[PDB]
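Protein chains in written order, with PDB author numbering: chain B, 9 to 628; chain A, 9 to 628.
We put the CB at the ideal spot given by N, CA and C, even for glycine.
Following: one structure in structure tokens, then a few remarks.
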Ligand SMILES: [Cu+2]
Ligand SMILES: [Cu+2]
């Protein structure tokens, strides 16, 4: 039916069959990435043509391939061999993570390092992390993972409490070789346990928390049709899911009167990077591109009712491919529900004697993923008043290290001898805009202070200025909280009743962007993270701010490459890329398990409607 | 019992009796302000002495007085005559707002202005606004109000939709004379009505919203004793109420194990100013000091259950004095309840096999007030993890004007010919700190970027720096969102188990501060609003950032004067004053009644605890 429906188990199995038939999926092949492609711009095919893009890895060392197939037609549209040393390695395979600890367990260098620390190899867990790109020439064209050790005292023990500092190893997960073992010296391994379910640490559980019952007697106010099409309080959209990006929102539109007005064609978190700021050689290479290197959707959690999602929840169970092309369901991976959101509008008028109060509510679409020690929640909200918001929730267990005897300028102490390297969690939201259609433009709006004098004799006046970003070369912007800087996306060809172009205003949190030196590997690989806002001309192959292949890939692809085309963005099909994130200096309160910290952004209508769009909300 | 208990109707009746018998409350006297005084530093003296502070106005022109009485002993502790021309006029009386429209009704100049516009004087409402201090020497020492006109077509009509621009009058509310009527020219009066309950405008009401039921089968998890003492999930505090500041939180403390640890001695919104940025002479003088000039607590609304506050609500009905000393109860003026706040902490560990999820909740204490056209909600939040937060919700009807032909750089258009002058809503949160006691200090923390080179070969390192504010002369700080600037309040004499001073970190939203020219009257009268954070040494008489008598004060009062003392704040009894607000360029969406917009701040524990304080929270 709808070309925006979720991929089905059948479609995935069919893709597997098409690839096998084409001789592209033999025993040595593995699917590193598989996802359905969005319909092309404009009414092309007389009907729908469901296409899937796949990244195929070869465990024998042969070059991988990027393939696009039409599941509808049963054909391979294109198949290209990839030169990874140039364009990037494919995302890490879940099966390659296990390899690291296994290989190191029998490596003489690794064993000697553990022995020097009096550690039992059988109790040493190894965190298999992405390698990035540095000065190791032998790594070019190879699939490498770097391992950091943590001691697990017993089966249910939290290894993160026992980091083994001064040690790191590099492993080629295809040839199954340990390329390097670096030991910079022994550090005491923190002894205190971080078992947050241990009664001795938690103490008696409080019994003071009375129940909060949230229910909907007549069911939810939103409807779900076609499996993933949502209709709620005038909003209309399709909830998609991609193994790389996770939840993706399509065709966000608002029913204004008798017309369905588009606002955002596609909204997603196109990349997420977690750069560490500890200069120690043991972790100075540490940078997680959770989305681009690991694929966050793949690790989405099954959400439990009453615990993860409270109230009347409607679940979606997206299907993804496993390493062999077989479909795998992520049961209850997406939660959908509406929640009360306090007061919407209120006024008690003396002159008219009318007292008016209305309540607000929001539609929530979310999922939670786990990448090693961290767990991130991705939340999208739609409000009655037309506001759209995204919120990321960061929790889990902080990545640890030893805490240096003489303190540290890049690590904080969580417990005796236990340290937490400073780092950031930076996201990139890709917003393929469609304010009342595809003809859009972006204006940077700053508050303008005025000088006391002629025409402003009392010095109370203040104004605002808007600068249209006309070409991609002028569209790489930075925040300016001091001047209340925001960015407005409007449609110069669609005006409200007051003859002004309709628009939506993006309000950022103005948190610090990437802190790394501009000459670092990470500043180049995560270039998008160095600026708050980027605007590009829409293009089918410009999907991620870091390009298609992020794993062990240097600069050269992504946003910097796209912007160079210097295309016209003044009243055209454009895409907004907003960078936002948290800078983390772990506190003692973040140990042994950290309470949620959040960050996000929102867009509010700006002259999009002819008056408040919530005057028809009942008193209830 | 508790010296922090809410005032009783009887205590107010006692003050009235005391003043009366003392001959301080004659027929010409009016109580402009009345509130109970907080206990002085140190209460080692058994049995407190309930004292009340009172501002007495005289309608015959006689000198006003500031009186302090003891309801415990039934005596007048002090009574001092005020020289308003020097120290400022008393707050505006509710009965004075009425005289403006009434007086103008029979003034020839006013009638001539209305006749030229063909407006029925009986239909013209006049907004009685504070006057401030400008170039009118004859106003020094006199109580003046400036009036702006709005047409009300019928009893239930919203006059705000029909502003009468080009006209303004000044009135002496004591001598009851119209000192001036300024008519700069006729402007069309906007014709469209803004009646949000008129089916003609709202259209058919939605029938799509299903109910959301929030209940607590076993009641709330918090306990209320002594009338206003709250105990909830380890938190302890007293909820007070003042006619000027509104809800005030006292003795906020956290039960950590066996110790009841203080965090903040007193928290309140000590001032809220709404400066307008329209250079027109009709409004260039407009600046509302809602707290200081009008007294926000006085206009607190009676909150309806299931309407203003949903769920299991526990109300407090504070009592205030009327203009004659009579007790007046504000039925259900304060809402108190706890609400679910999503995920608190979550981690699914591969190695231990332990999947952990805990939910969060917050304690809410709030009230809503109405000042003419606007309505503001003040919300204080206490979270399980120790976070303290404040949030202001701004709604109501936008103050209007005509929208000039040709447009405007200082007014936005809401409807045909209807304008909305630009303005700001700036709050000042006075936080009398008590981090583990009164010996505190403040440090400004900035993120520090590092250059690639020796000791940072990969250029990935980044750090932080903290600067102690030692004297008041260096305690006037500005925000720096780009460098992630925050402020930490710590106790240098109380250290956590890691030998680090315990503390709390204030996170600001970094919204723009006062925009007016530095030499403007408003910049001098609301100097607190020009900088984000101020730190002062505690003093009994330093209550408001704008001084005790804000109305028609020439400027420089409050914070600027306090800071000038240049006292030692490095490890002393200090007070933090945080400025935060919204800069409003009204959108079409804000008309005819505006959807809530918010702003606030929060403080999070920073090494205050020895580990996460929510490990004892049950799974449920
Ligand atoms: Cu973190
Ligand atoms: Cu406003």
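Along chain A, in chain order, which residues have C-beta atoms closer than 8 Å to that of residue i?
{"i": "residue 617 (chain B)", "result": "596, 597"}
{"i": "residue 401 (chain B)", "result": "350, 351"}
{"i": "residue 280 (chain B)", "result": "Under the 8 Å cutoff, chain A gives no residues; its nearest Cβ is about 17 Å from residue 280 (chain B)."}
{"i": "residue 625 (chain B)", "result": "213, 214, 217"}
Run through the DSSP bridge pairs and tell me what residue i is partnered with.
{"i": "residue 317 (chain B)", "result": "B:313"}
{"i": "residue 399 (chain A)", "result": "A:387, A:608"}
{"i": "residue 420 (chain B)", "result": "B:428"}
{"i": "residue 454 (chain A)", "result": "A:473"}
{"i": "residue 281 (chain A)", "result": "A:297, A:434"}
{"i": "residue 378 (chain B)", "result": "B:383"}
{"i": "residue 3 (chain A)", "result": "Nothing in the structure corresponds to residue 3 (chain A), since chain A is present only between 9 and 628."}
{"i": "residue 245 (chain A)", "result": "A:238"}
{"i": "residue 8 (chain B)", "result": "The structure shown does not extend to residue 8 (chain B), since chain B is modelled only from 9 through 628, so no value can be given for it."}
{"i": "residue 256 (chain A)", "result": "A:248"}
{"i": "residue 561 (chain A)", "result": "Partner(s): none; residue 561 (chain A) has no beta bridge."}
{"i": "residue 73 (chain A)", "result": "A:64, A:89"}
Taking Cβ-Cβ distances shorter than 7 Å, what residues in chain B pair up with residue i?
{"i": "residue 506 (chain A)", "result": "421, 596"}
{"i": "residue 302 (chain A)", "result": "Result: empty, since nearest Cβ-Cβ is about 13 Å, beyond 7 Å."}
{"i": "residue 219 (chain A)", "result": "224, 225, 226"}
{"i": "residue 284 (chain A)", "result": "468"}
{"i": "residue 457 (chain A)", "result": "523"}
Give the interface partners of residue i over in chain B, defined as CB-CB distance under 9 Å, in chain order.
{"i": "residue 490 (chain A)", "result": "486, 487, 488, 489, 490, 518, 520, 521"}
{"i": "residue 154 (chain A)", "result": "Chain B residues near residue 154 (chain A): none, gap ~13 Å exceeds 9 Å."}
{"i": "residue 462 (chain A)", "result": "Result: empty, since nearest Cβ-Cβ is about 10 Å, beyond 9 Å."}
{"i": "residue 361 (chain A)", "result": "163, 164"}
Residues of chain A with CB closer than 7 Å to the CB of residue i, please, in chain order.
{"i": "residue 407 (chain B)", "result": "Those do not exist, as residue 407 (chain B) stays about 12 Å from chain A at its closest Cβ, beyond 7 Å."}
{"i": "residue 530 (chain B)", "result": "468"}
{"i": "residue 622 (chain B)", "result": "603"}
Count the other CB atoms within 10 Å of the CB of residue i; is the residue buried (16 or more) or exposed (fewer)?
{"i": "residue 110 (chain A)", "result": "exposed"}
{"i": "residue 334 (chain A)", "result": "exposed"}
{"i": "residue 595 (chain A)", "result": "buried"}
{"i": "residue 162 (chain A)", "result": "exposed"}
{"i": "residue 628 (chain A)", "result": "exposed"}
{"i": "residue 548 (chain A)", "result": "exposed"}
{"i": "residue 657 (chain B)", "result": "With chain B running from 9 to 628 in the structure shown, residue 657 (chain B) is simply not present."}
{"i": "residue 337 (chain A)", "result": "exposed"}
{"i": "residue 15 (chain A)", "result": "buried"}
{"i": "residue 513 (chain A)", "result": "buried"}
{"i": "residue 120 (chain A)", "result": "exposed"}
{"i": "residue 408 (chain A)", "result": "buried"}
{"i": "residue 142 (chain A)", "result": "exposed"}
{"i": "residue 70 (chain B)", "result": "exposed"}
{"i": "residue 357 (chain A)", "result": "buried"}
{"i": "residue 473 (chain B)", "result": "exposed"}
{"i": "residue 126 (chain A)", "result": "exposed"}
{"i": "residue 393 (chain A)", "result": "buried"}
{"i": "residue 526 (chain B)", "result": "exposed"}
Cβ closer than 9 Å: which chain A residues qualify as neighbours of residue i?
{"i": "residue 131 (chain B)", "result": "Those within 9 Å of residue 131 (chain B) in chain A number zero; the least Cβ separation is about 11 Å."}
{"i": "residue 318 (chain B)", "result": "348, 350, 367"}
Along chain B, which residues have their Cβ under 8 Å away from the Cβ of residue i?
{"i": "residue 418 (chain A)", "result": "469, 470, 471"}
{"i": "residue 364 (chain A)", "result": "204, 205, 601"}
**Item:** Segments of 4+ residues assigned as alpha helix (DSSP H) that fall wholly inside the segment 176 to 237 of chain B
**Value:** 207 to 210
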